[PDB]
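Participant: With the input below, show me the fold.
(2 chains, ligands or ions: 1)
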Amino acid sequence: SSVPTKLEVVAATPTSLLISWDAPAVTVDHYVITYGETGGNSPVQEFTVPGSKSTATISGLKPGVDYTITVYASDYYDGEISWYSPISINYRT
Amino acid sequence: XXXXXXXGXXXXXXXXXXXXXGXXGXXXXXXXXXXXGXXXXXXXXXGXXXXXXXXXXXXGXXXXXXXXXXXXXXXXXXXXXXXXXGXXXXXXXXXXXXX
Ligand SMILES: [Cl-]
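Facilitator: Residues are numbered from 1 along each chain as shown, chains lettered A, B, ... in the order given. The protein structure is shown below:
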């Protein structure tokens, strides 16, 4: 019960990750990929991705540290933007 | 028209994620856009969903309770999909629509 419905690390280096997700059948306005150390207090970074892509590269990670990667998808309709339930994963570089 | 459960406009959280995998009574309907004549439906059941809307008047019939209704809308969705007075059941499949 989230959009996108799947999320995976496809490729990995000690400092970067390639993540993919299953795009939904409906039109995504745009994605937001967020990521931060699973520790908690360590500043959560984020960037946006066009609603037409289903992949993204996250770089500049601390090697060996466990981060949490979250992908949100937006719906835009009737002059209102709104966010589906996100999908998130834990990965240790 | 179309048929096939409607599919007009979109919205309502992408039609509950196109039905969220399906089940219960399924669903469909639609509406919104810049107006679209009003709109509604939804559906679901066990796994969530809901919806509603409908409405109408002003010579145009409609429904969604109100002691029956009518005047189009696929005969009020085939008479609720065969019961389902105030929602909470009825419908009877729909979906597809990009699925
Ligand atoms: Cl029909």
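Participant: Quick one: residues contacting residue A:5.
Facilitator: By CB atoms under 8 Å, 6 or more residues apart in numbering or on different chains, the residues touching residue A:5 are A:21, A:22, A:24, A:87. Using the backbone N, CA and C atoms, a C-beta is placed for each residue, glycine as well.
Participant: just the buried members of these?
Facilitator: Buried members of the contacts of residue A:5, scored by 16 or more other CB atoms under 10 Å in any protein chain shown, are A:21, A:24, A:87.
Participant: Stretch A:36-55 near chain B at all?
Facilitator: No - Stretch A:36-55 is not in contact with chain B by CB under 8 Å from any CB of the partner chain; minimum separation 11.9 Å.
Participant: Count the neighbours of residue A:67 for me.
Facilitator: By the measure other CB atoms under 10 Å in any protein chain shown, the count of residues near residue A:67 is 21.
Participant: Okay, and it sits in which element?
Facilitator: Per DSSP states H and E, residue A:67 falls inside strand A:66-77.
Participant: residues making contact with the next helix or strand after that strand?
Facilitator: Using DSSP H and E, the helix or strand that follows strand A:66-77 towards the C-terminus is strand A:80-83. When contacts are defined by CB under 8 Å, 6+ apart, strand A:80-83 is touched by residues A:29, A:72, A:73, A:74, A:75, A:76, B:13.
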